[PDB]
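Now for the letters of each chain:
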Amino acid sequence: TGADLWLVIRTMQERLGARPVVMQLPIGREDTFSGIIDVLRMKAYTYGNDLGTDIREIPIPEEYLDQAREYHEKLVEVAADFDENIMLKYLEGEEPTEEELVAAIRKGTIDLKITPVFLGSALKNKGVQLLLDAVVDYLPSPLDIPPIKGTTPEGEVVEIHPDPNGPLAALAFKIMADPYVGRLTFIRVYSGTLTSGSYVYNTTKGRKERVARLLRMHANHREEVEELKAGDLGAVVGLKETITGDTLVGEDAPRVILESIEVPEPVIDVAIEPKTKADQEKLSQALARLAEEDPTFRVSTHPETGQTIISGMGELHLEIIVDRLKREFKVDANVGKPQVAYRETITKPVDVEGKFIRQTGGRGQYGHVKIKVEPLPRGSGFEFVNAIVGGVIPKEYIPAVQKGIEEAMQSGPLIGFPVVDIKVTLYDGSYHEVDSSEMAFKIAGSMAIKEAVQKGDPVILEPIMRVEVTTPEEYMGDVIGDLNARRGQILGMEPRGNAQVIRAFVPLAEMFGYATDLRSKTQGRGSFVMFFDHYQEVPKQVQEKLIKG
Amino acid sequence: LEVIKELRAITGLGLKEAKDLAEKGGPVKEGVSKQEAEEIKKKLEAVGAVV
Amino acid sequence: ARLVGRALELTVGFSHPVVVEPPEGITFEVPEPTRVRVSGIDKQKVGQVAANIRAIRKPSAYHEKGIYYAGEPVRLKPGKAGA
Amino acid sequence: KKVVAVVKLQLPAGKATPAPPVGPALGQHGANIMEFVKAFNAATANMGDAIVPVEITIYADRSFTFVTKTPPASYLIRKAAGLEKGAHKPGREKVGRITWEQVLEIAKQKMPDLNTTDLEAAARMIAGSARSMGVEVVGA
Amino acid sequence: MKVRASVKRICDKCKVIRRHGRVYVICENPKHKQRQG
RNA sequence: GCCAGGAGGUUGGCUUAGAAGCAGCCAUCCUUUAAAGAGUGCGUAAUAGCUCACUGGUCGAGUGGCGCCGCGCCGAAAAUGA
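Residues numbered from 1 in each chain as written, not as in the entry; some residues may be left out. Chains lettered and ligands numbered in written order. Part of a larger assembly, values for the part shown. Heavy atoms only, no water.

**Brief notes about the overall build of chain D**
Here comes step 1: Counting its regular elements, chain D contains four helices and four strands.
Here comes step 2: Each helix and strand of chain D, placed in order from N terminus to C terminus, yields the pattern β-β-α-β-β-α-α-α.
Here comes step 3: Taken over the C-alpha trace, chain D has a radius of gyration of 19 Å; the compact-globule value for 140 residues is 14 Å, which it surpasses by more than 25%.
Here comes step 4: Principal-axis analysis of the C-alpha atoms gives chain D an extent of 60 × 30 × 25 Å.
Here comes step 5: If you sum the accessible surface of chain D, you get close to 9000 Å²; carbon and sulfur atoms cover 58% of it. (Helix = DSSP H or I, 4+ residues; strand = E, 2+ residues; numbered from the N terminus. Rg over C-alpha atoms; globule rule 2.2 N^0.38 Å. Areas by Shrake-Rupley, 256 points an atom, 1.4 Å probe, with all protein chains shown as cover.)

So this is what it looks like as structure tokens:
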């Protein structure tokens, strides 16, 4: 209900912006379809009956024929801007028959500059033979296809000629779990040849690799082949290692290389915690079948505490692979919202008093610490000073005790979470040569610090971030809306590549995952990137339900 | 040389009516816009409208 | 919206066709099935029955679809709001 | 074939980014705002740059003709009062030095703008704005 | 915010009327709908 | 109720990623005048923009606000049937 021509040929250059050019005409509107009167060979084809076994070409009953003229005449005009016959031939007025016609249009078609909208229908078997034939008439093969960028075993370029004779240059791509035989990969050769009785050589992670069987998955059945043409494609039975998109050479081939870098970066990130982790390993080897056959996602273990992070592009992406979960693997889990990479701090410096001057009688090991401290603005770094008041505790009594600070740092006093953006500054202390020691002063440090954090004004910061939202403008308004409505402040205004891109301070804990949103507003045009700046406090009170313990 | 450069409407759209050549135009001035004077009427061309 | 027979036959989002038969004090008219006119004589039956047409279908809501005598659509954000 | 699309804007010498409204009004004009920041820097070589409204005209086909105006008063008072940029709370704090004195020159060299089409009237508009911009217009 | 013993106007679309009984509060945005209950 | 401007320094200062009368804080000048407010609400990411105060007309006889004394109105939902 909404048959067209018009609105379509509009919604080409009002979505991207490119000269289309059409090559036929739909007889009537919705459910008022017969066939197509082509403005190419200039004829009204149709079926009458829906199918295509009692078709016809039945005389165009005037109606739109005349109209077609204007439409059809467009044809000629276009070929006056690419050809070398049809400038002067649009000038002349002569009839351009399918001699240079098909050549001009094929030229433009493989030139990436033409959109000969053929259509038809479907259940309404319209456009079957129409686009079968149109596809032969203008949709090309490896003749016009340019050398698919690949690289050399030293670092230079070459051409991936069809060349059925020479250099055995190869690529595969599609790792597929087939039942009848097994791991099958779908492949495009590129150069040389290959027999269903040969080896090759994996030219990423080496293996001369027996090619067992060459074949083609074909309609209702399957056609097997004993050889495969250079430029043609196929499927291969064999190959146990190999990856999705790894450089390939043959036996005869001298260990060359391939390119096609590609980027399947992750955007939506949600973390996992199963039943009692009794299935974690099953799902890890699952990720061997997964982050490899379709390397899409990342299995980046928690760069901090206990909870593996599993990141990926899209969202339902993650969902379909979490559906692969409770079927083949049949494992139960809890894909929680990620915790919080955590580091505390303070705002006030204090003259704290730390101790460890303890013995008994006949074994020294003292540890006194009259320390002073001071922090630092959020996201600047961490250093310190000496504060020697004459060299009171020299030699071995410097780095280990400082490590006392560190070993009081790996477990921040409130809930055992780190501290950064600081700048210490001790000043006084005591000891005794044979009656003090290394680790003694280490725990001097640890202790001193522990009170120098617990009784010194507590506060934690939450992992702040930066981001580039690549987007149009309608939803520049929308996105900035919910962007500020995610607790933080943007900061970033520049008219980028195609449209406009907003730079944004965001908080992660309240900025987590925007792709699902990004598409919700912007339909699906241009996303965002996870930068890291540092961390800021959570409005002094949000952390009250969070100090739950 | 004028239709594939100045005239936006390609080479067969502005001169759609090249069936009987019916098109004139092209502005000009004195001092500044002497780019459209004789460098579009000096390069072996011929539009005798004003300057 | 059709002037078939003498009266209203129209679909406005619904599947089942909406039929409306004219009472006395009015005559019917449908030019192009995307705009309709009645020609009658009673300011009571004018607005009562015409707002009964605006009751044949509720207007706009978020964007714009339905019946307006000549009214107007006000937008209420669709790509978010409800979350 | 644009029938008159003469379009002005707000651009100082040296800031060439032909984005809207340069795009939908002068982009469909093919005017050189690149040549703007270049040659406009020439006719205005007093400090190289200054905020001045451009204006490019298209003529039935594609003829070009750009026109210009004047800088903002919040610069005429600034780099002549000792008020480096701002002052905060323009009434309580009297920092600068434009008294009843140099205001004669400042108001002088700007004529084809303001509002009063003369110089003996809105010079009090001048005398007040200096306060609005946090400067002492002390008596003399 | 329908129904409450006090009822007031914020913008000039907001107004008060009598009909079939008690007080009624209206506005252009009918989000400002009340009653005296 | 209508046509019409509803301006300019000014995007006031300032902060601010930007803050244009309009998020906000500090905040009073005058000008082409019949008339425009360092601007009333709306609006934009912030401009742009609807705006109203101002003012002239069109036009024809009243009009809008405040303080007061009475009566009614709501605020008002229970367990047998009134």
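**A word on the state of the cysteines**
Residues and elements named next belong to chain E.
Here comes step 1: Summed over all chains, the structure comprises zero disulfides over all chains.
Here comes step 2: The structure places no disulfide on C11, whose sulfur is separated from the nearest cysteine sulfur, that of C27, by 3.6 Å.
Here comes step 3: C27 takes part in no disulfide bond, and the closest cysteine sulfur to it belongs to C14, at a distance of 3.6 Å. (Disulfide = S-S within 2.5 Å.)

**Some words on the sheet that holds strand β22 (residues 531–537) of chain A**
Residues and elements named next belong to chain A.
Here comes step 1: With antiparallel pairing, the three strands of this open sheet are ordered in space as β15-β18-β22. For this open sheet the edge positions go to β15 (343–345) and β22, each flanked by a neighbour on one side alone. The sheet shows a mean angle of 40 degrees between the axes of neighbouring strands, direction not considered.
Here comes step 2: Two strands pair when backbone bridges link them, and strand β18 (residues 459–466) and β22 are joined in this way by five bridges, in the antiparallel orientation. Bridging across to β22, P463 finds its partner in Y535. (Pairing = 2+ DSSP bridges. Axes fitted to C-alpha atoms, helices over the stretch in contact; angles between N-to-C directions.)

**Concerning the interface of chain B and chain A**
Here comes step 1: The interface of chain B with chain A comprises eight residues on the first partner and five residues on the second.
Here comes step 2: Between chain B and chain A the total buried area reaches about 620 Å² when both faces are included, carbon and sulfur atoms providing 46% of it.
Here comes step 3: For the chain B face of the interface with chain A, the top three residues by lost area are B:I10, B:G12 and B:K16, together amounting to 53%.
Here comes step 4: In this structure, the connection of chain B to chain A is made through one salt bridge. (Contact = heavy atoms within 4.5 Å. Buried area = accessible area lost by both parts, 1.4 Å probe. Salt bridge = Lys/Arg side-chain N within 4 Å of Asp/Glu carboxyl O.)

**Topic: empty space enclosed by the protein**
Residue and element names in this part refer to chain A.
Here comes step 1: One pass over the full model with this rule turns up seven cavities of 30 Å³ or more.
Here comes step 2: Taken as a whole, the largest cavity encloses approximately 260 Å³ of empty space.
Here comes step 3: Considering the residues around the largest cavity, the lining is formed by 23 residues, among which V373, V419, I422, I449 and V453 are closest to the centre.
Here comes step 4: At four residues, the largest contribution of residues to the lining of the largest cavity is made by helix α10 (residues 438–454).
Here comes step 5: Its residues assigned to classes, the lining of the largest cavity comprises 17 nonpolar, three polar and three charged. (1 Å grid on protein atoms, 1.4 Å probe; cavity = no way out; pocket = protein on both sides within 12 Å on 5 of 7 lines; lining within 4 Å. Points joined across faces, edges and corners; volume = space filled by probe spheres on them. Nonpolar A, V, L, I, M, F, W, Y, C, P; charged D, E, K, R; others polar.)

**Structural notes on the environment of A:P167**
All names here are of chain A.
Here comes step 1: With respect to the element layout, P167 can be found in the loop between α5 (128–138) and β3 (169–170).
Here comes step 2: Separated by 11 residues in the primary sequence, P167 and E156 place their C-alpha atoms 16 Å from one another.
Here comes step 3: For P167, the residues in contact, after removing those within four places along its chain, are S191 and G192.

**Concerning the packing of aromatic side chains**
Residues and elements named next belong to chain A.
Here comes step 1: All told, the structure shown has seven aromatic pairs over all chains when counted by the stated rule.
Here comes step 2: Note on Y397 and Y431: the rings are 5.9 Å apart at their centroids and 90 degrees apart in plane angle, and the pair reads as edge-to-face. Of the two residues, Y397 sits in the loop between β17 (369–370) and α9 (399–407) while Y431 sits in the loop between α9 and α10, which places them 34 residues apart along the sequence.
Here comes step 3: With a centroid separation of 5.5 Å and 80 degrees between ring planes, the pair formed by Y514 and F528 is classed as edge-to-face. Separated by 14 residues along the polypeptide, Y514 in the loop between β21 (500–503) and α12 (515–522) and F528 in the loop between α12 and β22 bring together distant segments of the chain.
Here comes step 4: Classification of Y514 by relative accessible area gives buried; the value is 4%. (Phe/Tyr/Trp six-rings, centres within 6.5 Å; stacked < 30°, edge-to-face > 60°. Buried < 20%, exposed > 50% of the residue type's maximum accessible area, 1.4 Å probe, protein only.)

**Here we look at the arrangement of the chains**
Here comes step 1: Among three pairs of chains with at least one contact, chains B and D form the most extensive contact set.
Here comes step 2: Here chain B and chain E are not in contact; the least distance found between their C-alpha atoms is 50 Å.
Here comes step 3: One finds no contact between chain D and chain E; the C-alpha atoms of the two approach each other to within 33 Å at their closest.

**Quick word on the interface of chain B and chain D**
Here comes step 1: Contacts between the two partners involve eight residues from chain B, matched on the other side by six residues from chain D.
Here comes step 2: Roughly 500 Å² is buried in total at the junction of chain B and chain D, and carbon and sulfur atoms are behind 43% of that figure.
Here comes step 3: Seen at the junction of chain B and chain D, the total is zero salt bridges.
Here comes step 4: Counting across the interface, chain B meets chain D through one residue pair in polar contact.
Here comes step 5: Within the side of chain B that touches chain D, the residues separate by chemical class into two nonpolar, three polar and three charged. (Polar contact = N/O pair within 3.5 Å; in protein donor to acceptor, adjacent residues only side chain to side chain.)

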